């Protein structure tokens, strides 16, 4: 039975829906851990060795730990599941990694992973094909109604304001502008100042924080801008199994629902 290692919980959950146990799906950066700066353990080196296929986000998400993807099983390839996604910069700069916060991009992750599972395990081609279609459809069915709500927003109010710049691909996908306090979790006064200026200038009403960073910068900004603190979004990691976002579909549904519920 083939083993497929995902770099973090979002990709592992996507892969589990496509593979449905036709392969063993393991995860390096488990839910709760930070994909941005992670110490690969000895036990992790075992998962890396057993991997027949390694699925990475790319867009520099894994850059601090790519070095551990070495001394691999012969024939084990590392696949970037964001292939075909036009990168958004952090600034000509380093890519923002958060491509999976997007309905369109969801479909691309699924397709990339479908393609890679099929190349690894061609005798199951027709099952990966069916599974990917079903899962793409589940995603669309859950998320598209949310997109429909949010597209009702008046143009002047088309802003996603967050702490990390985790929503830049969602913004692109749905046609909003995005403001944030820092590009990638792991801070700068000028960015904070710019966010305050921009919020005031545009009458932006809400700023979020996220599940793996501090809410304090967001609350401070909310105060100084006379806006409201939006609450916590899930972007960087699946929640614990009894939390609100234990699956990638649940994560998109939760975060977009909470955004929608702010815009109206």
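Positions refer to the first chain, counted from 1. Between two forms, the rigid core is the largest collection of C-alphas that superpose within 1.5 Å.
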Original post:
Which stretch is more displaced from the shown form in 4 other deposited structures of this protein, 28-36 or 216-224, with RMS over structures and residues of Cα positions after a rigid core fit?
Top reply: 28-36
Subject >> Interval residue 186-residue 187, deposited residues with no coordinates in the entry (none, 1 to 3, 4 to 9, 10 or more) >> reply: 1 to 3
Subject >> Absent coordinates between residue 91 and residue 92 - deposited residues affected, binned into four classes >> reply: 4 to 9
Original post:
So 195-203 or 62-70, which one's hotter by mean CA B-factor in the entry?
Top reply: 195-203
Original post:
As stated in the PDB record, which stretch has the larger average Cα B-factor, 30-38 or 230-238?
Top reply: 30-38
Subject >> C-alpha B-factor winner, where the candidates are 128, 169, 160, 109 >> reply: 160
Original post:
C-alpha B factor of residue 222, ranked within the chain: lowest, middle or highest third?
Top reply: highest
Subject >> Entry-reported Cα temperature factor of residue 215, expressed as the chain third it lands in >> reply: highest
**OP:** For residue 179, return the chain-relative third of its C-alpha B-factor as stated in the PDB record: lowest, middle or highest.
**Re:** middle
Original post:
By the record's CA B-factor, is residue 4 among the lowest, middle or highest third of residues in the chain?
Top reply: lowest
Original post:
Against its chain's modelled residues, does residue 119's Cα B factor rank lowest, middle or highest third?
Top reply: middle
